[PDB]
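Asker: Take this structure, written in structure tokens, and hold onto it; I'll ask about it next.
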Amino acid sequence: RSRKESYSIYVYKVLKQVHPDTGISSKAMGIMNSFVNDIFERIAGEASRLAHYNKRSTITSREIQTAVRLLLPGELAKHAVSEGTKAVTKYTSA
Amino acid sequence: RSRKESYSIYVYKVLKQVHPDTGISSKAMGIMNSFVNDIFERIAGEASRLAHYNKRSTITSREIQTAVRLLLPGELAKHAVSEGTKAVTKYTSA
Amino acid sequence: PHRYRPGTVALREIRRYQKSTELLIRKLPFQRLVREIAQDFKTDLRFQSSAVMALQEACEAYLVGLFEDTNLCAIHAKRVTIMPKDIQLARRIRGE
Amino acid sequence: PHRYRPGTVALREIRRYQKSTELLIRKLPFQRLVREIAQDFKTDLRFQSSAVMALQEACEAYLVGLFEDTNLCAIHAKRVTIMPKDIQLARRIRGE
Amino acid sequence: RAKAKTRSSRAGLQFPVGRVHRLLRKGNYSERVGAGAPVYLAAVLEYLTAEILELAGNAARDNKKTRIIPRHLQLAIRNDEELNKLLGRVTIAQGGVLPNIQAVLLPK
Amino acid sequence: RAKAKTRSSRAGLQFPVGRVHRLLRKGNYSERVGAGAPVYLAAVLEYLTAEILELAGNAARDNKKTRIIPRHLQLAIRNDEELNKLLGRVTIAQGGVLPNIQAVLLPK
Amino acid sequence: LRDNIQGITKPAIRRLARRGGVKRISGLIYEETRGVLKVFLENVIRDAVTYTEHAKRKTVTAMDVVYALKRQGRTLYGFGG
Amino acid sequence: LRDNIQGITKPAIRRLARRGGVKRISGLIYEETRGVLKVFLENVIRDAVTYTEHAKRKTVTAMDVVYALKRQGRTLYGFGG
DNA sequence: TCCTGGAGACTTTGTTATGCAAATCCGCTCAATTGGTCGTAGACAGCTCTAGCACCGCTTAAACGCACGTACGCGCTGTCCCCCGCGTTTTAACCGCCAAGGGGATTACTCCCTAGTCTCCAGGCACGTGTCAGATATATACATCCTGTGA
DNA sequence: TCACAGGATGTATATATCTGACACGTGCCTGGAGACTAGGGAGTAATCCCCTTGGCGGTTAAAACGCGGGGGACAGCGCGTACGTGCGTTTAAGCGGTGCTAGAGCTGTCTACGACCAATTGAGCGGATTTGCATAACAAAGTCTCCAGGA
């Protein structure tokens with residue numbers, strides 16, 4: 001039989017970090033999967049164009065960072081940037 | 001020296017085949033260039049996704065044809081489809 | 001005898017329906033409307049049960065949002081009752 | 001003496017401004033506004049002359065469309081004079 | 001050796017084909033581009049291009065001109081219901097607006 | 001021979017990194033994807049995910065449940081204007097609406 | 001079949017209006033509302049069918065509807081996509 | 001730079017309104033109009049500057065403005081695109 | 001005038017037992033990681049040159065500000081008829097059930113269509129040169145609209 | 001009330017003029033086109049079996065209908081002021097220069113960077129049990145309307 005990919009595992013985990021005693025319906029999960037896919041596409045889409053306009057072949061953390069700012073509200077953008085900045089900084093050191 | 005590409009040559013000719021006695025200002029030409037690029041990107045963008053949705057790598061005359069309909073109003077769409085059909089039918093037949 | 005006056009009940013219905021999530025429309029009538037329209041583009045079409053549900057929710061969401069704007073237009077004209085023209089104004093403002 | 005009546009002049013102005021294509025907002029005032037805003041984000045920022053014009057045309061197009069919708073809102077309320085309310089209503093209907 | 005020619009000639013088109021093939025290929029629109037894809041699209045762009053220019057030329061003559069300017073393009077687009085959709089949100093430099101005066105504002 | 005190890009662990013993330021890297025490679029976004037690219041992105045998606053779920057969990061609590069349902073997501077999102085905007089065009093299946101009644105309609 | 005536009009009954013229209021915060025409805029709304037609904041459906045269905053035909057299929061799926069809705073400036077969550 | 005928002009003078013506001021078909025303007029419009037203009041302009045500038053920074057430059061070009069406008073459903077023709 | 005207070009109806013709070021949707025466990029691939037290589041986009045330094053910034057002086061169109069009068073916006077009143085709320089009656093929608101087979105999803109082969117390659121040359125580009133449609137200033141003639149007398 | 005005159009006003013039409021923005025010409029260089037191979041993507045046929053369509057009977061809310069009466073929609077009228085018109089007086093925006101240089105744009109070189117391949121294997125998937133949350137039923141307690149008189 002064929003196999004599928006989704007984010008239901010990771011969404012479940014995150015819920016625990018914020019609310020360790022809270023579960024989630026399959027429908028709410030269906031919503032969360034659409035959410036993640038939507039945001040992913042937007043960032044990847046915008047980042048693609050930044051590379052296009054600046055004549056680059058490679059998407060780096062920068063195009064993503066810039067794309068994030070153009071897509072997110074200022075407050076969310078800041079927290080998102082801080083987390084991304086670290087993930088990359090650390091990954092490099094790790 | 002560096003170089004550029006535009007559609008100013010082709011736009012000019014098309015006018016002549018319609019109104020042989022008229023010309024085009026530099027701005028009207030600049031506008032027509034933005035117009036061509038805009039429509040081009042939409043069709044190419046949508047055609048890309050149709051292939052993606054249907055798990056395919058190659059864009060053919062059909063992904064474009066479908067994209068044309070989704071993007072154009074029904075009246076323009078069919079005229080465009082007729083012309084597209086011929087250009088390809090002929091090309092492959094010649 | 002006992003009863004409520006006009007305006008009292010209407011407010012309650014607003015409260016309740018805003019609160020709930022389910023469909024406010026009937027299903028079999030809707031399914032058929034979808035098909036009656038669909039056949040105009042192509043005969044012998046079929047639908048998945050999830051396809052129809054997706055259409056219903058999109059339709060209700062659309063109309064509910066429209067009614068909010070319609071209601072505001074009526075208020076702007078110092079009214080409570082909504083008229084067809086209040087709908088038309090809102091739509092046109094939105095470029096429809 | 002001789003005079004034109006209230007509203008008669010305004011109509012001629014409406015026609016002319018709809019008809020002509022030149023910018024209505026003065027250039028230097030506009031350019032300065034662009035920078036006055038931009039500096040709040042970044043100092044030592046510069047603009048090409050074509051960039052400033054691009055901004056200006058977009059700005060006028062936006063306000064002109066806004067005013068048309070504003071005008072309709074006032075008409076819907078049986079008025080000729082536009083008020084801040086009519087601006088706000090039109091925008092809100094568009095989810096701004 | 002066969003003599004080389006442009007594909008736009010073969011397809012009976014005025015718009016370039018080899019270039020479109022390339023443009024579709026790049027910008028990462030797809031991994032691959034079929035042989036008939038660029039041809040189909042060039043024809044589509046050509047059709048739409050002709051319609052705008054034709055209408056604008058008439059708009060130019062309404063002003064007794066022998067030349068098309070941005071304004072004429074504006075009028076062509078707006079008077080045509082379909083173009084006013086496809087390009088419904090396009091802002092055109094120095095386009096101006098249609099002479100739309102609401103009846104209720106007229107004197108009486 | 002080192003033991004194979006998930007990149008997500010290195011970055012301290014819960015979301016997958018290697019998969020994101022792949023998704024970035026395809027979808028025809030670019031020819032190439034940088035090493036830190038999927039890492040940065042995974043962190044962002046995870047962050048936003050947490051914000052919705054946290055508010056949703058609070059909304060669920062307010063309705064005295066131990067579980068999140070689509071409705072709680074709806075209310076949680078709107079109660080945060082930053083997300084209301086990001087998702088200002090998203091229809092939530094069974095989201096319902098906010099209980100807003102205009103003051104002018106109230107009895108008095 | 002036929003006449004399923006009348007299938008959108010009055011009470012249904014009222015209830016939809018109520019979520020919108022509408023308290024009071026004139027007698028002419030019902031017909032205007034139906035015309036509006038129909039246009040919405042025609043546009044969404046037509047696009048969904050187009051996707052279905054492209055894929056050379058007969059049954060319209062949730063994804064066909066979701067894609068059709070999306071591009072009209074409206075993204076639907078929970079049905080996949 | 002300060003108070004160049006007042007640089008958008010009454011006549012300018014009037015004329016823009018006139019092009020929109022507005023005949024008659026209340027005295028409170030002028031202040032409201034400026035607020036709305038500003039938000040529109042500011043948002044566009046911000047996106048354009050963001051693009052400028054990404055490109056690591058100081059001078060904003062027309063294309064940065066075009067992209068800034070575009071994504072808001074504002075395709076602009078005549079300045080390149 | 002308005003304020004009980006009471007009668008009434010409707011929503012919320014607290015029990016209670018039950019069903020199935022969600023949480024967790026088990027076993028099986030195949031996508032993620034390791035660990036090498038290869039070729040090249042991206043970073044950098046450097047230099048040339050264009051376009052933006054700053055300043056100056058002068059003309060004058062456009063922006064201020066004032067004063068007079070008027071259509072407009074607003075509040076208030078008074079009919080009247082359209083929409084609400086209620087009870088009685090009829091209709092069609094759900095729910096659970098069962099049967100048939102059409103079409104969606106799957107694998108397994110085949111080839112032919114397209115990526116990728118070298119070589120060649122002419123179509124499109126930048127940059128000059130020539131011209132004539134459109135812009136300027138001006139006079140001229142034609143519509144239109146405001147206020148006045150006189151029916 | 002109503003039309004018409006005409007007076008002033010503003011807009012449209014014809015002419016001459018001239019200038020700079022277009023149309024067209026020349027020479028030059030990549031980029032598009034022949035002619036070529038090699039290899040996986042897409043097309044085809046064959047198969048399974050999941051899901052939709054269709055029909056049935058019975059139960060029950062949910063729509064239809066009609067009645068009666070009050071609330072809001074609408075039209076008309078009066079008040080006063082907030083705007084519009086037009087004059088005279090300030091002001092600062094264009095216009096056409098001038099000169100400086102900071103930064104954009106292109107060249108040339110060298111490097112670490114990500115793509116690619118092949119081998120190995122554990123994270124994630126589907127599917128099978130488990131059990132506790134949410135559901136529905138039921139009775140009581142609390143909250144919110146709407147009169148009928150009275151202080």
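Ligands are numbered from 1 in the order shown, residues from 1 within each chain, and chains are lettered A, B, ... in the order they appear in the structure tokens.
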What are the closest atom pairs, with distances in Å to one decimal, for each residue of chain H lying within 6 Å of chain D, using only C-alpha atoms, rows by chain and rising residue number, as JSON lines?
Answerer:
{"residue": "H:1", "atom": "CA", "partner": "D:36", "partner_atom": "CA", "distance": 5.2}
{"residue": "H:4", "atom": "CA", "partner": "D:33", "partner_atom": "CA", "distance": 5.0}
{"residue": "H:5", "atom": "CA", "partner": "D:33", "partner_atom": "CA", "distance": 5.9}
{"residue": "H:7", "atom": "CA", "partner": "D:29", "partner_atom": "CA", "distance": 4.9}
{"residue": "H:12", "atom": "CA", "partner": "D:25", "partner_atom": "CA", "distance": 5.4}
{"residue": "H:16", "atom": "CA", "partner": "D:64", "partner_atom": "CA", "distance": 5.4}
{"residue": "H:17", "atom": "CA", "partner": "D:67", "partner_atom": "CA", "distance": 5.3}
{"residue": "H:18", "atom": "CA", "partner": "D:14", "partner_atom": "CA", "distance": 4.8}
{"residue": "H:19", "atom": "CA", "partner": "D:18", "partner_atom": "CA", "distance": 4.5}
{"residue": "H:20", "atom": "CA", "partner": "D:68", "partner_atom": "CA", "distance": 4.3}
{"residue": "H:21", "atom": "CA", "partner": "D:68", "partner_atom": "CA", "distance": 5.9}
{"residue": "H:22", "atom": "CA", "partner": "D:71", "partner_atom": "CA", "distance": 5.7}
{"residue": "H:23", "atom": "CA", "partner": "D:10", "partner_atom": "CA", "distance": 5.9}
{"residue": "H:24", "atom": "CA", "partner": "D:81", "partner_atom": "CA", "distance": 4.6}
{"residue": "H:25", "atom": "CA", "partner": "D:82", "partner_atom": "CA", "distance": 5.3}
{"residue": "H:26", "atom": "CA", "partner": "D:83", "partner_atom": "CA", "distance": 5.7}
{"residue": "H:29", "atom": "CA", "partner": "D:84", "partner_atom": "CA", "distance": 5.5}
{"residue": "H:58", "atom": "CA", "partner": "D:45", "partner_atom": "CA", "distance": 5.7}
{"residue": "H:59", "atom": "CA", "partner": "D:46", "partner_atom": "CA", "distance": 4.4}
{"residue": "H:60", "atom": "CA", "partner": "D:47", "partner_atom": "CA", "distance": 4.7}
{"residue": "H:61", "atom": "CA", "partner": "D:51", "partner_atom": "CA", "distance": 5.3}
{"residue": "H:62", "atom": "CA", "partner": "D:51", "partner_atom": "CA", "distance": 4.0}
Asker: Return chain A as a PDB file with C-alpha atoms, in the first residue's frame, after superposing it on chain B by a least-squares fit that covers all C-alpha atoms paired in order.
Answerer:
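The result, written out as result.pdb:
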ATOM      1  CA  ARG A   1      27.912  46.243 -22.241  1.00  0.00           C
ATOM      2  CA  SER A   2      25.079  43.947 -21.008  1.00  0.00           C
ATOM      3  CA  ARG A   3      22.050  43.057 -23.120  1.00  0.00           C
ATOM      4  CA  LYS A   4      18.336  43.091 -22.407  1.00  0.00           C
ATOM      5  CA  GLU A   5      15.228  41.333 -23.591  1.00  0.00           C
ATOM      6  CA  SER A   6      11.786  42.785 -24.162  1.00  0.00           C
ATOM      7  CA  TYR A   7       8.771  42.353 -26.374  1.00  0.00           C
ATOM      8  CA  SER A   8       8.812  45.801 -27.918  1.00  0.00           C
ATOM      9  CA  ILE A   9       9.567  44.407 -31.349  1.00  0.00           C
ATOM     10  CA  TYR A  10       6.707  41.963 -31.366  1.00  0.00           C
ATOM     11  CA  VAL A  11       4.230  44.377 -29.858  1.00  0.00           C
ATOM     12  CA  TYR A  12       5.013  46.844 -32.597  1.00  0.00           C
ATOM     13  CA  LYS A  13       4.338  44.224 -35.238  1.00  0.00           C
ATOM     14  CA  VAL A  14       1.039  43.151 -33.805  1.00  0.00           C
ATOM     15  CA  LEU A  15      -0.135  46.736 -33.729  1.00  0.00           C
ATOM     16  CA  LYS A  16       0.360  46.810 -37.475  1.00  0.00           C
ATOM     17  CA  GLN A  17      -1.826  43.791 -38.031  1.00  0.00           C
ATOM     18  CA  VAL A  18      -4.731  45.522 -36.387  1.00  0.00           C
ATOM     19  CA  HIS A  19      -3.883  49.121 -37.340  1.00  0.00           C
ATOM     20  CA  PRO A  20      -1.253  49.323 -40.148  1.00  0.00           C
ATOM     21  CA  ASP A  21      -1.113  53.120 -39.978  1.00  0.00           C
ATOM     22  CA  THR A  22      -0.837  53.487 -36.210  1.00  0.00           C
ATOM     23  CA  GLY A  23       2.343  54.032 -34.213  1.00  0.00           C
ATOM     24  CA  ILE A  24       3.002  53.719 -30.502  1.00  0.00           C
ATOM     25  CA  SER A  25       4.600  55.800 -27.760  1.00  0.00           C
ATOM     26  CA  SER A  26       7.489  54.509 -25.669  1.00  0.00           C
ATOM     27  CA  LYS A  27       5.252  54.690 -22.652  1.00  0.00           C
ATOM     28  CA  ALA A  28       2.506  52.654 -24.191  1.00  0.00           C
ATOM     29  CA  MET A  29       5.215  50.190 -25.038  1.00  0.00           C
ATOM     30  CA  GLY A  30       6.335  50.192 -21.416  1.00  0.00           C
ATOM     31  CA  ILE A  31       2.777  49.269 -20.519  1.00  0.00           C
ATOM     32  CA  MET A  32       2.618  46.513 -23.101  1.00  0.00           C
ATOM     33  CA  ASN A  33       5.819  44.964 -21.792  1.00  0.00           C
ATOM     34  CA  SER A  34       4.442  44.845 -18.280  1.00  0.00           C
ATOM     35  CA  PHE A  35       1.265  43.322 -19.654  1.00  0.00           C
ATOM     36  CA  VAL A  36       2.994  40.494 -21.476  1.00  0.00           C
ATOM     37  CA  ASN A  37       5.213  39.696 -18.519  1.00  0.00           C
ATOM     38  CA  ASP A  38       2.249  39.635 -16.175  1.00  0.00           C
ATOM     39  CA  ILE A  39       0.187  37.229 -18.232  1.00  0.00           C
ATOM     40  CA  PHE A  40       3.178  35.019 -18.903  1.00  0.00           C
ATOM     41  CA  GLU A  41       3.906  34.593 -15.229  1.00  0.00           C
ATOM     42  CA  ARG A  42       0.357  33.721 -14.373  1.00  0.00           C
ATOM     43  CA  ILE A  43      -0.010  31.007 -16.947  1.00  0.00           C
ATOM     44  CA  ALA A  44       3.363  29.517 -16.208  1.00  0.00           C
ATOM     45  CA  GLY A  45       2.567  29.668 -12.492  1.00  0.00           C
ATOM     46  CA  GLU A  46      -0.787  27.959 -12.775  1.00  0.00           C
ATOM     47  CA  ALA A  47       0.499  25.423 -15.290  1.00  0.00           C
ATOM     48  CA  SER A  48       3.273  24.600 -12.851  1.00  0.00           C
ATOM     49  CA  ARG A  49       0.774  23.665 -10.205  1.00  0.00           C
ATOM     50  CA  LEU A  50      -1.360  21.585 -12.477  1.00  0.00           C
ATOM     51  CA  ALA A  51       1.738  19.504 -13.125  1.00  0.00           C
ATOM     52  CA  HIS A  52       2.513  19.519  -9.419  1.00  0.00           C
ATOM     53  CA  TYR A  53      -0.918  18.309  -8.378  1.00  0.00           C
ATOM     54  CA  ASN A  54      -1.081  15.709 -11.113  1.00  0.00           C
ATOM     55  CA  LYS A  55       2.439  14.521 -10.392  1.00  0.00           C
ATOM     56  CA  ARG A  56       4.089  15.375 -13.623  1.00  0.00           C
ATOM     57  CA  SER A  57       7.483  16.839 -14.411  1.00  0.00           C
ATOM     58  CA  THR A  58       6.699  18.218 -17.837  1.00  0.00           C
ATOM     59  CA  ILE A  59       4.579  21.191 -18.802  1.00  0.00           C
ATOM     60  CA  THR A  60       2.789  20.491 -22.044  1.00  0.00           C
ATOM     61  CA  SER A  61       0.306  22.393 -24.137  1.00  0.00           C
ATOM     62  CA  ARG A  62      -2.386  20.880 -21.942  1.00  0.00           C
ATOM     63  CA  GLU A  63      -1.340  22.415 -18.672  1.00  0.00           C
ATOM     64  CA  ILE A  64      -1.088  25.682 -20.465  1.00  0.00           C
ATOM     65  CA  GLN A  65      -4.498  25.213 -22.028  1.00  0.00           C
ATOM     66  CA  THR A  66      -6.112  24.429 -18.702  1.00  0.00           C
ATOM     67  CA  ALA A  67      -4.269  27.279 -17.025  1.00  0.00           C
ATOM     68  CA  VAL A  68      -5.513  29.661 -19.691  1.00  0.00           C
ATOM     69  CA  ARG A  69      -9.104  28.738 -18.968  1.00  0.00           C
ATOM     70  CA  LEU A  70      -8.678  29.225 -15.251  1.00  0.00           C
ATOM     71  CA  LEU A  71      -7.104  32.639 -15.764  1.00  0.00           C
ATOM     72  CA  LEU A  72      -9.014  34.160 -18.671  1.00  0.00           C
ATOM     73  CA  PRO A  73     -12.682  35.187 -18.980  1.00  0.00           C
ATOM     74  CA  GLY A  74     -14.761  32.727 -20.979  1.00  0.00           C
ATOM     75  CA  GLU A  75     -14.808  34.729 -24.206  1.00  0.00           C
ATOM     76  CA  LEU A  76     -11.110  35.459 -24.306  1.00  0.00           C
ATOM     77  CA  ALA A  77     -10.379  31.942 -23.177  1.00  0.00           C
ATOM     78  CA  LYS A  78     -12.091  30.522 -26.225  1.00  0.00           C
ATOM     79  CA  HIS A  79     -10.220  32.579 -28.728  1.00  0.00           C
ATOM     80  CA  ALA A  80      -6.967  31.999 -26.908  1.00  0.00           C
ATOM     81  CA  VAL A  81      -7.530  28.259 -26.910  1.00  0.00           C
ATOM     82  CA  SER A  82      -8.336  28.191 -30.591  1.00  0.00           C
ATOM     83  CA  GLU A  83      -5.116  30.002 -31.424  1.00  0.00           C
ATOM     84  CA  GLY A  84      -3.006  27.840 -29.152  1.00  0.00           C
ATOM     85  CA  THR A  85      -4.585  24.676 -30.496  1.00  0.00           C
ATOM     86  CA  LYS A  86      -3.607  25.630 -34.001  1.00  0.00           C
ATOM     87  CA  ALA A  87      -0.141  26.810 -33.210  1.00  0.00           C
ATOM     88  CA  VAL A  88       0.651  23.425 -31.749  1.00  0.00           C
ATOM     89  CA  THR A  89      -1.179  21.414 -34.377  1.00  0.00           C
ATOM     90  CA  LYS A  90       0.622  23.249 -37.123  1.00  0.00           C
ATOM     91  CA  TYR A  91       3.997  23.321 -35.462  1.00  0.00           C
ATOM     92  CA  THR A  92       3.794  19.554 -35.230  1.00  0.00           C
ATOM     93  CA  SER A  93       2.956  19.201 -38.925  1.00  0.00           C
ATOM     94  CA  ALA A  94       5.588  21.758 -39.863  1.00  0.00           C
TER      95      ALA A  94
END
Asker: Select, as a PDB file with N, CA and C atoms, in the first residue's frame, those residues of chain D with any atom no more than 6 Å from chain C (distances computed using only C-alpha atoms).
Answerer:
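Produced file iface-v7.pdb, reproduced below:
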ATOM      1  N   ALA D  77     -26.805  56.630   1.652  1.00  0.00           N
ATOM      2  CA  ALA D  77     -27.362  57.224   2.851  1.00  0.00           C
ATOM      3  C   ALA D  77     -28.091  58.503   2.493  1.00  0.00           C
ATOM      4  N   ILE D  93     -15.842  47.347   4.760  1.00  0.00           N
ATOM      5  CA  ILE D  93     -16.476  46.353   3.915  1.00  0.00           C
ATOM      6  C   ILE D  93     -15.435  45.567   3.144  1.00  0.00           C
ATOM      7  N   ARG D  94     -14.298  46.187   2.875  1.00  0.00           N
ATOM      8  CA  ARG D  94     -13.247  45.507   2.146  1.00  0.00           C
ATOM      9  C   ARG D  94     -12.256  44.783   3.051  1.00  0.00           C
TER      10      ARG D  94
END
Asker: Determine, using only C-alpha atoms, which residues of chain F have any atom at most 12 Å from an atom of chain G, and tabulate each with its shortest atom pair and distance in Å to one decimal place, rows ordered by chain and then rising number, as CSV.
Answerer:
residue,atom,partner,partner_atom,distance
F:69,CA,G:78,CA,11.5
F:70,CA,G:78,CA,8.7
F:71,CA,G:78,CA,11.8
F:73,CA,G:77,CA,11.3
F:74,CA,G:77,CA,11.0
F:86,CA,G:75,CA,11.8
F:87,CA,G:75,CA,8.9
F:88,CA,G:74,CA,9.3
F:89,CA,G:74,CA,5.6
F:90,CA,G:75,CA,4.9
F:91,CA,G:76,CA,4.8
F:92,CA,G:77,CA,5.3
F:93,CA,G:78,CA,5.7
F:94,CA,G:78,CA,8.9
F:95,CA,G:77,CA,9.9
F:96,CA,G:19,CA,8.7
F:97,CA,G:19,CA,7.2
F:98,CA,G:19,CA,8.7
F:99,CA,G:19,CA,8.2
F:100,CA,G:21,CA,6.9
F:101,CA,G:21,CA,5.8
F:102,CA,G:21,CA,7.2
F:103,CA,G:21,CA,10.7
F:104,CA,G:23,CA,10.7
F:105,CA,G:23,CA,7.4
F:106,CA,G:23,CA,9.9
F:107,CA,G:23,CA,11.8
Asker: Include N, CA, C and O atoms and write out the residues we just selected as a short mmCIF file (atom, residue, chain, number, x, y, z; two decimals), in the first residue's frame.
Answerer:
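File written: again-v4.cif
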data_model
loop_
_atom_site.label_atom_id
_atom_site.label_comp_id
_atom_site.auth_asym_id
_atom_site.auth_seq_id
_atom_site.Cartn_x
_atom_site.Cartn_y
_atom_site.Cartn_z
N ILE F 69 -10.75 21.40 19.58
CA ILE F 69 -11.59 21.14 18.42
C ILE F 69 -11.49 22.37 17.50
O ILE F 69 -11.13 23.44 17.98
N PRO F 70 -11.86 22.26 16.21
CA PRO F 70 -11.76 23.29 15.19
C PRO F 70 -12.31 24.63 15.64
O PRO F 70 -11.77 25.69 15.31
N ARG F 71 -13.35 24.58 16.44
CA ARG F 71 -13.96 25.78 16.96
C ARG F 71 -13.04 26.55 17.88
O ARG F 71 -13.03 27.78 17.90
N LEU F 73 -9.88 26.51 17.73
CA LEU F 73 -8.86 27.10 16.89
C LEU F 73 -9.37 28.41 16.32
O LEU F 73 -8.69 29.43 16.36
N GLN F 74 -10.63 28.41 15.89
CA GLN F 74 -11.23 29.61 15.31
C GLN F 74 -11.19 30.78 16.26
O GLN F 74 -10.74 31.88 15.91
N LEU F 86 -2.93 37.08 9.54
CA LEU F 86 -2.19 36.09 8.78
C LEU F 86 -3.15 35.12 8.13
O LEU F 86 -2.93 34.65 7.01
N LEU F 87 -4.22 34.81 8.85
CA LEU F 87 -5.22 33.86 8.42
C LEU F 87 -6.55 34.56 8.14
O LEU F 87 -7.63 33.97 8.27
N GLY F 88 -6.49 35.82 7.69
CA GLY F 88 -7.67 36.65 7.48
C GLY F 88 -8.51 36.21 6.28
O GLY F 88 -9.55 36.79 6.00
N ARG F 89 -8.01 35.24 5.54
CA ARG F 89 -8.73 34.67 4.42
C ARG F 89 -8.89 33.18 4.53
O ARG F 89 -9.03 32.49 3.52
N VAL F 90 -8.83 32.66 5.74
CA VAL F 90 -8.97 31.24 5.92
C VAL F 90 -10.30 30.85 6.51
O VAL F 90 -10.70 31.34 7.57
N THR F 91 -10.98 29.94 5.84
CA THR F 91 -12.22 29.40 6.34
C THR F 91 -11.92 28.13 7.10
O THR F 91 -11.28 27.22 6.59
N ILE F 92 -12.36 28.09 8.34
CA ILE F 92 -12.15 26.92 9.17
C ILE F 92 -13.37 26.04 9.15
O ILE F 92 -14.47 26.49 9.47
N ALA F 93 -13.19 24.80 8.75
CA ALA F 93 -14.31 23.90 8.77
C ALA F 93 -14.84 23.83 10.19
O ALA F 93 -14.10 23.52 11.12
N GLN F 94 -16.13 24.08 10.34
CA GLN F 94 -16.77 24.09 11.65
C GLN F 94 -16.13 25.07 12.62
O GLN F 94 -16.08 24.82 13.82
N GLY F 95 -15.68 26.21 12.11
CA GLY F 95 -15.12 27.23 12.99
C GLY F 95 -16.21 28.03 13.71
O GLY F 95 -16.02 28.47 14.84
N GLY F 96 -17.33 28.24 13.03
CA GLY F 96 -18.37 29.13 13.54
C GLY F 96 -17.89 30.57 13.42
O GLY F 96 -16.93 30.84 12.70
N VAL F 97 -18.56 31.50 14.10
CA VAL F 97 -18.15 32.90 14.04
C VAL F 97 -18.06 33.48 15.43
O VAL F 97 -18.29 32.79 16.42
N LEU F 98 -17.57 34.71 15.53
CA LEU F 98 -17.54 35.38 16.82
C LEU F 98 -18.93 35.89 17.14
O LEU F 98 -19.62 36.39 16.26
N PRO F 99 -19.32 35.89 18.42
CA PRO F 99 -20.61 36.32 18.93
C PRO F 99 -20.73 37.84 18.99
O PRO F 99 -20.88 38.41 20.07
N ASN F 100 -20.65 38.48 17.84
CA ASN F 100 -20.72 39.93 17.77
C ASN F 100 -22.10 40.45 17.44
O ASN F 100 -22.65 40.17 16.37
N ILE F 101 -22.66 41.25 18.34
CA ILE F 101 -23.95 41.89 18.10
C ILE F 101 -23.77 43.39 18.16
O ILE F 101 -23.18 43.92 19.09
N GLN F 102 -24.26 44.08 17.14
CA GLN F 102 -24.09 45.53 17.08
C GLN F 102 -24.93 46.21 18.14
O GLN F 102 -26.12 45.95 18.28
N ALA F 103 -24.33 47.20 18.80
CA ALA F 103 -24.98 47.89 19.90
C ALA F 103 -26.30 48.53 19.52
O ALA F 103 -27.24 48.55 20.31
N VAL F 104 -26.40 49.00 18.29
CA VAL F 104 -27.59 49.70 17.84
C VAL F 104 -28.80 48.77 17.71
O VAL F 104 -29.92 49.23 17.49
N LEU F 105 -28.55 47.47 17.75
CA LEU F 105 -29.61 46.49 17.61
C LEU F 105 -30.15 46.04 18.96
O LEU F 105 -31.15 45.31 19.02
N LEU F 106 -29.49 46.45 20.03
CA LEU F 106 -29.85 45.99 21.35
C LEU F 106 -31.06 46.78 21.85
O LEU F 106 -31.23 47.94 21.48
N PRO F 107 -31.92 46.16 22.66
CA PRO F 107 -33.11 46.75 23.23
C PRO F 107 -32.74 47.75 24.30
O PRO F 107 -31.77 47.54 25.04
#
Asker: As a PyMOL selection string, could you give me every residue of chain I near chain G (at most 12 Å apart, counting only C-alpha atoms (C1' of nucleotides))?
Answerer: chain I and resi 82-84+92-93+102-104
Asker: Can you write out the residues you just picked, keeping C-alpha atoms (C1' of nucleotides), as a CSV table (one decimal), in the first residue's frame?
Answerer:
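Dumped everything to selection-v2.csv:
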chain,number,residue,atom,x,y,z
I,82,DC,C1',-44.8,45.1,6.2
I,83,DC,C1',-42.5,42.0,9.0
I,84,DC,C1',-42.6,39.6,13.4
I,92,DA,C1',-39.7,16.2,2.8
I,93,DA,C1',-35.2,15.3,5.3
I,102,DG,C1',-18.1,2.0,-12.2
I,103,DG,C1',-14.2,4.2,-11.6
I,104,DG,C1',-10.0,5.4,-8.7
Asker: Quick one: DSSP alpha helix (DSSP H) residues in chain H, as an MDAnalysis selection string?
Answerer: chainID H and resid 10:19 29:54 62:70
Asker: Should the cut-off be 9 Å, what would the residue list for chain E against chain J look like, counting only C-alpha atoms (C1' of nucleotides), as a ChimeraX atom specification?
Answerer: /E:1-6,18-19
Asker: Give as a PyMOL selection string every residue of chain F that touches chain B within 10 Å, counting only C-alpha atoms.
Answerer: chain F and resi 26-28
